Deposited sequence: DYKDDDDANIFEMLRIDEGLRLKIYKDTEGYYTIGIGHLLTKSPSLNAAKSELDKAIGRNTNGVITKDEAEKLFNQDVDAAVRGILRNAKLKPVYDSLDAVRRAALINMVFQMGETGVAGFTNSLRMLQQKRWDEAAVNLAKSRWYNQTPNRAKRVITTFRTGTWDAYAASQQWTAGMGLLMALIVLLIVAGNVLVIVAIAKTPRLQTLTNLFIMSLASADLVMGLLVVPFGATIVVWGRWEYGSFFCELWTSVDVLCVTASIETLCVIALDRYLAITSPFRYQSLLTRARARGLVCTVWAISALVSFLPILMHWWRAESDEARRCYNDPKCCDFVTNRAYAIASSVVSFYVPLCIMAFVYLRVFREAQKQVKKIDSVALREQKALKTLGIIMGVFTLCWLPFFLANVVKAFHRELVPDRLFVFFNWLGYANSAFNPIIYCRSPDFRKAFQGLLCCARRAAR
């Protein structure tokens, strides 16, 4: 349809605020939608939504549309909002006096809260009408709107205050910046772990029994960088989950799966070396081939039971307004769990493996000083990294995970996500820590030439 250059700016504004979907999806009420929040129908029939879409677009879309087609739909919604604004004696005087950029901020509010909701801002609207930008920005910052949706409102208020697109220019610079850093993190995890996996499979010297456990670690960390970290990066750079409610449950399960398998494998490796370093002869006889494959299967079976079973059975769901809101919203994929799962998952994933690894590696330090310049220094710094890097990466998260479940207000969501990325970073550190043998080095060089 007819596009303008103003029209494209208000399109990119909400593309950032609300997201763009070029395929039919469901909104918070289960209603079929496309584009930037364009309701197709309240009918539960996907074909009926496809008929409404084809009538409006003028093409057999079969549910998929282009960006230009989404802008056609978007501009119609903007025209309707504007016609509403002009019929309302509370919004027309303010609207008529605003420049085009601040005029898009007001339309943004109406898309978020509705015409009636925005008309209740009597005093802020009067201040905007009188061009009292800083005073209007202060008053709006005190709003219920600001406290409910601070990031959205910071961007909109900056638009009222300055009349520019800087809040959205800055958001987009940040988005590309983190996307770079995320892709780097994804590269290190995948490369380092795929390098360890192939080194074991193409070298008979490396196919020992201890390194069979390290293959489990490298595999739990490989899925981490192929499925968990990449999709977890989409929530950071785009502020939303973009893949529907069903994939939010699966992603959440695959993450808890791999995090459980990875840490418990560090626990098995910690036990393995303890037996070989202390009682190497009973070690070589009791730990058979099938017993080593017995532990790894047990680790993964436990990991599936604590991830796919409770999450898909909705046992992990909290029952507050904040949690139920995120569950009904496909665009929300926050980790909001109840107290029981938050503790039970933390114990099975982190706290039990921490206690074993801490106790085991402490006793290796004990029996080393009993049977004594000395090389005890080079082995102590080694233990300091195996436990230091592990603890430093996951301890902040699993402290916040248990606390936040009881006191939701103490752990900020931003801080909570950050601690979870420290744990994500362990999947890159493990191949550096556990594959430092001369056999790996001769193999790693053999693969890269």
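Several segments of the deposited sequence are absent from the coordinates, namely 373-378, 456-462.
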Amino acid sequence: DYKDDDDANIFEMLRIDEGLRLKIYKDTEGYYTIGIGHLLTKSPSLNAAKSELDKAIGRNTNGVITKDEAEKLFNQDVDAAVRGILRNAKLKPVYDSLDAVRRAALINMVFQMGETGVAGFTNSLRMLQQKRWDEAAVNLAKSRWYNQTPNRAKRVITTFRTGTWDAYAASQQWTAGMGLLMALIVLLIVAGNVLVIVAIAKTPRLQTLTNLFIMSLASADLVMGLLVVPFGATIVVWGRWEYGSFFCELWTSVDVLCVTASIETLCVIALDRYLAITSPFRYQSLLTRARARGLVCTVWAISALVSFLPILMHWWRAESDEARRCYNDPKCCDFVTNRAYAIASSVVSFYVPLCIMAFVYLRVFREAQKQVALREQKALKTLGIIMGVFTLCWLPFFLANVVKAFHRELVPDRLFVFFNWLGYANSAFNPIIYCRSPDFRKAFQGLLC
From here on, numbers count along this sequence of modelled residues.
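The mean C-alpha temperature factor is higher for 193-201 when 193-201 and 243-251 are set side by side. Look at the mean CA B-factor for 259-267 and for 120-128 in the entry; the higher one is 259-267. Highest C-alpha temperature factor among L206, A100, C326, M113 per the entry: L206. In this entry, the residue among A405, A48, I34, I57 with the greatest C-alpha B factor is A405.
Ranked within its chain, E52 lands in the middle third, by CA B factor from the PDB record. When the CA B factors of the chain's modelled residues are split into thirds, the value for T158 lands in the lowest one. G177 sits in the middle third of its chain by CA B factor, as recorded in the PDB entry. Sort the modelled residues of the chain by CA B factor and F213 lands in the highest third.
The entry lists a Cα temperature factor for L227 that places it in the middle third of the chain's modelled residues.
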